Amino acid sequence: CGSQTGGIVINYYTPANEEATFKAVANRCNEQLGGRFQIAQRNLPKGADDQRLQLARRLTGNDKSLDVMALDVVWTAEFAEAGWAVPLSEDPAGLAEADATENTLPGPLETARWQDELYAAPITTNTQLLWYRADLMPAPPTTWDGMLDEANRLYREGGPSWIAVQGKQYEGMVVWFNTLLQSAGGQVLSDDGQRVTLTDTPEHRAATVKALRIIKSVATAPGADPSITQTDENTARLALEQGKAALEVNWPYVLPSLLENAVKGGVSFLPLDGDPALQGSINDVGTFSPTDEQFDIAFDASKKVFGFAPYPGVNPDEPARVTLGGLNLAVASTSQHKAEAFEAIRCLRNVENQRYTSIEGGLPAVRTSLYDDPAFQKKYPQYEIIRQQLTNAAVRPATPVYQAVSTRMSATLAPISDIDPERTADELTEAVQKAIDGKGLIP
Amino acid sequence: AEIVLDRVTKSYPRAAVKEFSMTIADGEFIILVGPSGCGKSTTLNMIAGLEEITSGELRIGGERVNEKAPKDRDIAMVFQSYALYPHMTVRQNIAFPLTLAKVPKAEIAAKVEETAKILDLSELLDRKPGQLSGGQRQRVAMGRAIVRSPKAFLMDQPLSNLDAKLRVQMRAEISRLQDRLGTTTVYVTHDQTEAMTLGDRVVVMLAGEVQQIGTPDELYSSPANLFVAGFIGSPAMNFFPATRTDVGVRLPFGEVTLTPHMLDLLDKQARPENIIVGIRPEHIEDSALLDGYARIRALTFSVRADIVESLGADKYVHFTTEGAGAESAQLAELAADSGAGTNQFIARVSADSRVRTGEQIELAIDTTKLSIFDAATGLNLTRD
Amino acid sequence: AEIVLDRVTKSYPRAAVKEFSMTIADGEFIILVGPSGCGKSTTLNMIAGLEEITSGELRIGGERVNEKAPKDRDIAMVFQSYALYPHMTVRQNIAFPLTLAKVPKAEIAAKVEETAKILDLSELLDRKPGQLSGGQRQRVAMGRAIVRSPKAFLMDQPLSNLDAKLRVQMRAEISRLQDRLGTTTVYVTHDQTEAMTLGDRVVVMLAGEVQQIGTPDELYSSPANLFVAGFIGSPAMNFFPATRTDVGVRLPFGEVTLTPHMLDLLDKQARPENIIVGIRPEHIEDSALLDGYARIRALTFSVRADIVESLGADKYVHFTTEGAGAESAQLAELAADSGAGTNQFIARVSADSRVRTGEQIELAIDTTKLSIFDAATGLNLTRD
Amino acid sequence: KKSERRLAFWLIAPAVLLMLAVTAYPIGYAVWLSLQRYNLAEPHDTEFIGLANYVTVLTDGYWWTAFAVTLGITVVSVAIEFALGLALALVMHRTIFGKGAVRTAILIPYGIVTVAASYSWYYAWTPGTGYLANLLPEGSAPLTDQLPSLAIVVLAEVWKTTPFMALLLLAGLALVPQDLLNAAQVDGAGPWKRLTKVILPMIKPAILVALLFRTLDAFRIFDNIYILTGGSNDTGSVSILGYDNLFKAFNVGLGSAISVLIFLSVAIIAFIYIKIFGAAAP
Amino acid sequence: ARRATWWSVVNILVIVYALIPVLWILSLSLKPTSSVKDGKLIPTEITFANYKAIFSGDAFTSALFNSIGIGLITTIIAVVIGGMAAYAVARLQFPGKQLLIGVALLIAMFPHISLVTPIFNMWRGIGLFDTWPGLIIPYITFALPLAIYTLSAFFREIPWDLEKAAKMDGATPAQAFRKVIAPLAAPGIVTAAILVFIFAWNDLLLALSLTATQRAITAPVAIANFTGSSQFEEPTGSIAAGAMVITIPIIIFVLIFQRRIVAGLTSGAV
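Residues numbered from 1 in each chain as written, not as in the entry; some residues may be left out. Chains lettered and ligands numbered in written order. Heavy atoms only, no water. Residues with missing side-chain atoms left out of burial classes, pairs and counts.

Method of determination, as annotated in the archive: cryo-EM, at 3.44 Å resolution.

Engineer: If you had to explain the overall build of chain E to someone new, which residues and values would you point to?
Structural biologist: On a plain count of helices and strands, chain E comes out with 14 helices and 0 strands. With respect to the three principal axes, the spread of C-alpha positions in chain E is 70 × 70 × 35 Å. The contacts of chain E with a sequence gap of at least 6 include a subset with a gap of at least 24, amounting to 77%. (Helix = DSSP H or I, 4+ residues; strand = E, 2+ residues; numbered from the N terminus. Contact = heavy atoms within 4.5 Å.)

Engineer: Could you give an account of the overall build of chain D, with specific residues and numbers?
Structural biologist: Looking only at helices and strands, chain D has 15 helices and 0 strands in total. Overall size of chain D, expressed as C-alpha extent along the three principal axes, is 80 × 75 × 30 Å. Sequence separation of 24 or more characterises 70% of the internal contacts of chain D that already satisfy a separation of 6 or more.

Engineer: Any chance you could break down the interface of chain A and chain E for me, citing the residues and the numbers?
Structural biologist: Contacts between the two partners involve 10 residues from chain A, matched on the other side by 11 residues from chain E. Of the roughly 790 Å² buried between chain A and chain E, counting both surfaces, carbon and sulfur atoms make up 51%. Taken as a group, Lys 46, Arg 57 and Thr 60 of chain A account for 52% of the area that chain A buries against chain E, more than any other trio of residues on that side. In this structure, the connection of chain A to chain E is made through 0 salt bridges. On inspection of chain A and its partner chain E, the count reaches 2 residue pairs in polar contact. It is helix α2 (residues 48-60) of chain A that contributes the most residues to the side of chain A that touches chain E, 4 residues altogether. (Buried area = accessible area lost by both parts, 1.4 Å probe. Salt bridge = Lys/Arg side-chain N within 4 Å of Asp/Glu carboxyl O. Polar contact = N/O pair within 3.5 Å; in protein donor to acceptor, adjacent residues only side chain to side chain.)

Engineer: Tell me about a nonpolar patch on the surface, and name the residues and values.
Structural biologist: On the surface, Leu 264, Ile 268, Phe 271, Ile 272, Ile 276 and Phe 277 of chain D cluster together into a nonpolar patch covering about 600 Å² of accessible area. The class of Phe 277 of chain D is exposed, set by a relative accessible area of 51%. (Patch = residues over 30% accessible without salt bridge, like charges linked within 9 Å, V, L, I, M, F, W, Y side chains within 5 Å. Areas by Shrake-Rupley, 256 points an atom, 1.4 Å probe, with all protein chains shown as cover. Buried < 20%, exposed > 50% of the residue type's maximum accessible area, 1.4 Å probe, protein only.)

Engineer: Help me get a handle on the interface of chain D and chain E, residues and values and all.
Structural biologist: Contact with chain D, which involves 86 residues of that partner, is made by 80 residues of chain E. Looking at side-chain class alone, the side of chain D that touches chain E contains 62 nonpolar, 17 polar and 7 charged residues. (Nonpolar A, V, L, I, M, F, W, Y, C, P; charged D, E, K, R; others polar.)

Engineer: For the packing of aromatic side chains, give the residues involved together with the corresponding values.
Structural biologist: Centre-to-centre distance and the angle between the planes together describe a pair of aromatic rings. In the structure shown here, the tally under the stated rule is 57 aromatic pairs over all chains. An angle of 75 degrees between the planes, with centres 5.1 Å apart, marks the rings of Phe 240 of chain B and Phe 253 of chain B as edge-to-face. Of this pair, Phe 240 of chain B sits in strand β9 (residues 238-240) while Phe 253 of chain B sits in the loop between β9 and α9 (260-267), and the two are 13 residues apart along the sequence. Relative accessible area serves as the criterion here: at 10%, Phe 253 of chain B is assigned to the buried category. Both rings, one in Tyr 29 of chain D and one in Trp 32 of chain D, keep their centres 6.2 Å apart while their planes meet at 25 degrees; by these two values the pair is stacked. Here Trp 32 of chain D and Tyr 29 of chain D lie together in helix α2 (residues 25-34), a separation of 3 residues that amounts to about one turn. Of the residues examined, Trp 32 of chain D reaches a relative accessible area of 47% and is grouped as partly exposed. Among the aromatic residues, those joined into a ring-pair cluster are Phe 222, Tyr 226, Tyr 243 and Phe 247 of chain D together with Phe 120 and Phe 129 of chain E. (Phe/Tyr/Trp six-rings, centres within 6.5 Å; stacked < 30°, edge-to-face > 60°.)

Engineer: Got a sec to walk through the side chain of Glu 157 of chain D? Specific residues and values, please.
Structural biologist: Residues and elements named next belong to chain D. With respect to the helices and strands, the residue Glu 157 is situated in helix α7 (residues 147-173). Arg 214 provides the closest opposite charge to the buried, unpaired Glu 157, separated from it by 4.8 Å. Residue contacts for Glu 157: discarding those within four places in its chain leaves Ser 77, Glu 81, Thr 162, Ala 218, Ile 221 and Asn 224. (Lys, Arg positive; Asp, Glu negative; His and termini not counted.)

Engineer: Explain the environment of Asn 93 of chain B to me, using residue names and the numbers behind them.
Structural biologist: All names here are of chain B. For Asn 93, the location among the structural elements is in helix α2 (residues 90-100). Relative accessible area serves as the criterion here: at 0%, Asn 93 is assigned to the buried category. For the pair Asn 93 and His 261, spaced 168 residues apart in the sequence, the C-alpha separation amounts to 61 Å. With residues up to four places along the chain from it excluded, the contact list for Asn 93 reads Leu 84, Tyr 85, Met 88, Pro 129, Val 140 and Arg 144.

Engineer: Any details on the UniProt feature "transmembrane region" (unreviewed entry) in chain E? Residues and values, ideally.
Structural biologist: Residue and element names in this part refer to chain E. Within this numbering scheme, the UniProt entry marks residues 6-26, 64-87, 99-123, 135-155, 176-201 and 239-257 as carrying the feature "transmembrane region" (unreviewed entry). When the span residues 6-26 is considered, its composition is 67% helix and 0% strand, and the gap between its end C-alpha atoms is 30 Å. A helix fraction of 76% and a strand fraction of 0% characterise residues 99-123, whose end C-alpha atoms lie 31 Å from each other. (UniProt positions renumbered as here; feature names shortened; annotations may be inferred.)

Engineer: Any details on the sheet that holds strand β2 (residues 20-24) of chain C? Residues and values, ideally.
Structural biologist: Backbone hydrogen bonds are what pair the strands of a sheet, in a parallel or an antiparallel way. Residue and element names in this part refer to chain C. Spatially, β2-β1-β4 is the arrangement adopted by the 3 strands of the open sheet, whose pairing is antiparallel. Edge positions in the open sheet fall to β2 and β4 (59-60), since each of these has one partner strand only. Looking at chain direction, strand β1 (residues 3-8) and β2 are connected through 5 bridges and run antiparallel. By the bridge assignment for β2, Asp 6 is matched with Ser 21. (Pairing = 2+ DSSP bridges.)

Engineer: Tell me what's going on with the UniProt feature "transmembrane region" (unreviewed entry) in chain D, and back it up with residues and numbers.
Structural biologist: Residue and element names in this part refer to chain D. Feature annotation in UniProt places "transmembrane region" (unreviewed entry) on residues 7-32, 62-92, 104-124, 150-177 and 252-274, given in this structure's numbering. With 68% helix and 0% strand, residues 62-92 has its two end C-alpha atoms placed 44 Å apart. Between the end C-alpha atoms of residues 150-177 the distance is 41 Å, and the span holds 86% helix and 0% strand.

Engineer: So what's going on with the pattern of salt bridges? Residues and values would help.
Structural biologist: Inspection of the entire model under this criterion finds 42 salt bridges over all chains. The salt bridge involving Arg 387 of chain A is made with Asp 372 of chain A; its shortest N-O contact spans 2.3 Å. Placement of the pair is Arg 387 of chain A in helix α16 (residues 383-390) and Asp 372 of chain A in the loop between α14 (368-371) and α15 (374-379), with a sequence separation of 15 residues. Given the relative accessible area of 26%, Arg 387 of chain A is considered partly exposed. For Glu 113 of chain B, the salt bridge identified is with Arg 91 of chain B, shortest N-O distance 3.8 Å. Of this pair, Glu 113 of chain B sits in helix α3 (residues 105-118) while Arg 91 of chain B sits in helix α2, placing them 22 residues apart in sequence.

Engineer: Can you break down the sheet that holds strand β7 (residues 307-309) of chain A residue by residue, with the values?
Structural biologist: Residues and elements named next belong to chain A. Spatially, 3 strands are ordered β6-β5-β7 in an open sheet, and the strand pairing comes out antiparallel. Edge positions in the open sheet fall to β6 (247-250) and β7, since each of these has one partner strand only. Taking each pair of neighbouring strands and ignoring which way they run, the sheet shows an average axis angle of 30 degrees. (Axes fitted to C-alpha atoms, helices over the stretch in contact; angles between N-to-C directions.)

Engineer: How would you explain a positive patch on the surface if you had to name every residue and give the values?
Structural biologist: There is a patch of like positive charges on the surface, built from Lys 71 and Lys 102 of chain C together with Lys 193 and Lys 197 of chain D. Looking at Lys 193 of chain D, the relative accessible area reads 44%, which means it is partly exposed. (Charge placed at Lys NZ, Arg CZ, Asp CG, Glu CD.)

Engineer: Break down the environment of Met 137 of chain A for me, with residues and values.
Structural biologist: Residues and elements named next belong to chain A. Along the chain, the position of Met 137 falls in the loop between β5 (129-132) and α5 (144-154). In this structure, the C-alpha to C-alpha distance between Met 137 and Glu 260, residues 123 residues apart in sequence, is 23 Å. With sequence-adjacent residues up to four places away left out, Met 137 is seen in contact with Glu 150, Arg 153, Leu 154 and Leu 247.

Engineer: An account of unusual backbone geometry is requested, with residue identities and associated values reported.
Structural biologist: Despite not being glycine, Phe 269 of chain A has its phi angle at roughly 70 degrees, a positive value. Non-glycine residue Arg 7 of chain B carries a positive phi angle of around 60 degrees. Structurally, the position occupied by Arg 7 of chain B is in strand β1 (residues 3-8).

Engineer: Report on the side chain of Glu 309 of chain B, specifying residues and quantitative values.
Structural biologist: Its location among the elements puts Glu 309 of chain B in strand β13 (residues 308-310). For the buried residue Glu 309 of chain B, which engages in no salt bridge, the nearest side chain bearing the opposite charge is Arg 171 of chain C, 4.1 Å off. Within the structure, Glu 309 of chain B has its side chain in polar contact with the side chain of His 318 of chain B (distance 3.3 Å). Leaving out residues up to four positions away in the same chain, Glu 309 of chain B has contacts with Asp 314, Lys 315, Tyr 316 and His 318 of chain B together with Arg 171 and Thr 197 of chain C.

Engineer: With reference to specific residues and values, describe the pairing of strand β7 (residues 184-188) of chain C.
Structural biologist: All names here are of chain C. The buried count for β7 comes to 5 of 5 residues, which makes it a mostly enclosed element. The two faces of β7 match: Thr 184, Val 186 and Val 188 on one face and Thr 185 and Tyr 187 on the other face are all buried. Relative to β7, strand β3 (residues 29-33) runs parallel, the two sharing 4 bridges. Across the sheet, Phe 29 pairs through a bridge with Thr 185, a residue of β7. Sheet analysis places strand β6 (residues 152-155) next to β7, joined by 2 bridges and oriented parallel. Bridging across to β7, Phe 153 finds its partner in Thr 185. Chirality of the crossover, the property in question, places the unit of β6, helix α5 (residues 164-181) and β7 among those that are right-handed. (Right-handed = clockwise from strand over helix to strand, strands pointing away.)

Engineer: I'd like to hear about a negative patch on the surface, residue by residue, with values.
Structural biologist: Together, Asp 275, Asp 292, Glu 293 and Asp 296 of chain A make up a region of like negative charge exposed at the surface. By the element assignment, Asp 296 of chain A lies in helix α11 (residues 294-302).

Below you can see the structure in the form of structure tokens.
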């Protein structure tokens, strides 16, 4: 026999981690939804590859328990053009297409999109930042060649000429190459993911070679991370926290982390001893839960030996077009309650729930209404920089065959030690074309 | 009861049991004997039912029964390979025919104990046929065949898997047990000893046609062929070529003169040219202990003694006499079974004879107990 | 070779072949015969090499080889299962003992052709398989045994799988072949008929004790045990529980005074009435024509013919007898294989008599050739 | 017999129809999918592309470095596996006692689940957790290189799969009667010089099976090399190469161009082991 | 003499060689969050909470019920449809009996990934993806060779002369198949319904491709998937506990049926 399904439960699949922060929002929208639409958050594996696999193979087998998934940024094109995501204008109500764009930063709004049609309502973002040392470096650099020059200048005394960036063969290297390329003034896929413009125009080839020259120079510079082919974002964080780096670049989560990793047996050369109040607030948890003033004094003490800056461009005196790494809510096609799932989305993105997910969750807000609010601007000191980078950000190339494109674009830059900048371009063109042509093996 | 079967025949798609016709009366212990590969066993299969007959009747009693399958004949057939089920126990094995005959279990246990008392299976009724030797498994099979009390008891070469020391005791046991029960029986065998010790009316079978039917002693004395002549008897009868000299015959050695009555019986039919003679090895004595009137028909001059088997109550002297004329079809198919070489001849003489190996001994045939055969039509001429 | 061996003993952790001793001279055909399970095959596996000896010497010639290897003893062997390699073909089988010795190929081909010619292997029979019919497979095994031309030639019961109608011809072939070649041979056999047919000097083995080795004639005439009396001889010896009467012997159902000289010979040792006698089935005739001198020593008793196996010119008439008493250790271990029942005796009558199943017949014994035995050591007393 | 072959066919028909409809329609469908362009993620752009899906697998060095690994494994884990399964067979056949406590411990690595017998070597060569990992110098982690992490794979495969080659060699080794070895023994035959002229020529038809099977099995090694290192450092097999770009890149017109090339590469091995070296059904 | 001493150390080496990679996961599934290499033996403080950790929430429970169900439904049908095709060793047919035992055994050496691409693309959209009826067809097809090769090797060893004998008794041609003939083949079918289960109970790459959702997911897949988020960021105890719960049935089945299993795999070497 069997069969029950008392209430109309909507189950929205979030990443494995950041579940403790996507469950309070679920219950807060539950106690706001009404008496129906019991929201109950499930969770996918961790690691973006495993999540994509779970979602794709479970949607292929037409599962009826997958309603509101949380796609990564780069899966919108594939999950849309494939047929596994319902356009926000195809709802019983039709009120989502006008809600998911009524108040949202232009950057992330244009990262959940297919051929000028919205397929996912965005919920969070992220963007890289320069994390310099304020004392051993008199001022933040603003251009990558200036970065290398000031590094080699700092190579004289000490050993901090150790520029730290994610460089190993994985998605982070593609993100770095893509933000460099877009800063230069080019683009990988022309539009609608059909024709490559990586080398088409002599200007585009100039931008590609100007990105490859920087990628190779940061690796072949004197000193400069003896083993650069093995450092992901976490290894860059460690290379700064051990004082063995000067100008790392990394997501904005490294500002809180460092603090605690510099108060419980710190290694950042930042003493952060001060008063026993920090030690009294750091006991047995390590989470650095203060009375809202130890946080201030610790951040001010780190303001002497730890300073951030906007991402450095490549053309002299031009703002950099950094990438994005947020999430997007999206209604799966294999479902039963479609208008209900769209209600769940437009309630999970509410400005109050964004306030929560950004102040007590650690994920930046996507809606413009928060950055002009000081209560937001207390936990994110770099709110102006992150906003000015989110207002014009360089989204990764959108095309349904993106796993193949990423694998073939990271398997030809993987030897970061030796890329011959004026040559690699003629190989990246061939491999991206062989990928978007439907004939690209991955290992 | 009486198993009268006439004109029975088989046709393999070839003619293996051609024209089998007689009556196995009630009480007999018949014996089908023949070289391996004749119709001696297909005949028994057809009397049982495990094969299809072609013609004739098989009327066991008073009912033509060649149109049925065996559940309605009541004929127990003990196999050669002891086809007994290896998962039941000896008690269940001996009981199976009863428990299929729908008899209450009390009489089942009573009859099974009775039969296990008839044999020597007193205690073995609690062990599978796996932990049993040859003799006791054979006895389990025979017991399983005894219990039902059937009309016929169709034994099928059961004593072929037993040691030569046990086979004789088993033959005595089978003869006594059958004389005790008395039901009709048949028995397919392979040798002449089994066929002449436990037997009431032997039946020789060559290629399908019954060669002769008679009491075993009557197959011994007056065989009505060459096959039924040189087949039975462990020291097989010696076949000497011969050519009738119209007053006698000049056998390879001697001048036997064919005492008048057999001479005229032979002269009744002077058709062939190579009429051979058979001198049974028992009928060859020596010139040592032959004192008396028997010396005049001795025909002894001398023969070398190749091998002298001194195995007790009789010395088997082997020898050879050159020539040619022991050539027929009956003799050929009788010697294809075992090797008769060319002219190897043996003769059993008394035990008192003092003879070494490889010397010159005087063998003497007695020309009053010899049989004359025909080397073309294969049929005795003295008696039939 | 002149293969002698004494104190040859085995033991399995209890002993098997305790206290053996023989001297097989050059040319002998010594035959190890005994009941199934004695130490008659362990002695062969110890003369061969496949097992080691526990004590004593083994001097093939001299130079005790009880520590050498089977390859450097220079012996042969033909097994009971005809161990021959099917992944070869008959010629490769025959060649194996010569090729495995690293000998140039010309003389190898010559010798193997010659050795094939010694037997019936003229064209290799088939030359394709490693499997043939029974007789020629046996002959292939014997051939491979022959080719090497070794010192000793140890055949391990080769004729225990063929048919009884070919076994006799195979015995004749083995006899002639060994007499022609000239190599020492140690034949392990199972029945007394083979061992008496071929073999210059038999040996009997009961549980590992050699008994009365010499001749096949001084072993049937003067046996030195109840065992080696009731074992050899195809119709086993009748053992009657006798009784001393101070003038002769008192049979169970007969009174007779044996000759006084042999009487005192047997009475040279006082025995407390543990005496049983033995009467060969050969020395029990009928009342047919024994009239004359043997009438006084007839001892004409009377008994009903249980069965009469009239298998030719020698009617084996059985009979039973009242009472009991024929019991000893030797007789028990001899009956452990056959001769079941202590009241089922046999008597061979010349075919002259007229008897049928269940008839009161008066058998008469020539009471001058009966041997008297003890009942504790089974030792003979007439002669050993 | 006219009604006996009928029963034979009506009993043999279910298995034959099933094996046909599950092993001849899929391989007749993969040859249609492979000469095409599917991609399973843009189902509006599908076309007939001809032979441009084989000539794109054979030409790029992502297939050959996954066709040479599945040989540098399948020719070592058969040499070692045979040299060890012969020892296990001789032991299980010529042991004096036991024979019921070792012949039953051999069967444990035969029925054990390979996803539970490879997670036993993964957590054995992991530094800080496994005993076999702290018998090397400190900080080694062989599972992060290529050649060491292939040694681990061949070791796991040998351990897991030799107790079937052992039984297959025992099945043919029991058919060599002891009296035949004795007949060889009463000759000049050292215990090695009979295992090369009596045993091996007698177990030939039982080797070219136990060597063919273990040749076509180690050619499809997936789950011993998916758990240890899921094709991380270019240590991927050919089954993993055909699984990746069908269940990670969602290319079907290529996950079939490889699914039929694996079959075409196994057919050659089976044909060599059948026609030339003459194997047969046991 | 010394032969026993030299041949009793082999009988210990061959057992330690086959029990150490199991007494490793057994000692790993008992160390509580202190996996410190402490040894193939003597893991101190064996307090097992992993076993009652992986058995909470239908992540492994249902992924075990699925494997048990699929194993049973694919061994019953495999035995039923392989016995009637191995009974073609008692019968005899001219049009290709010698090549049946060749083909239906050579398809056992068939690259799974060679026919998982078209099978997957065929189950997709034809109502056969994450569900048993999609996992029991390939399992049965790949288990038929084993169930034929181990049954047509026992339908030779049983004597069919016993039917010919029972016929000469009062037995009908029907009672013979209930009594004499039935209990002889029973210990030969219970030994094929163990080999087929043991095979179809360890199959990866067929339950990893034709299976997505909660239903129709097996035990090996759900063990390879313990690197998600349920296990507390250290899935060593949990993975070892899953592996042990999985390799218990094989041990229980081998301790009992060693003789029959060897006699079936070798086909006449008992």
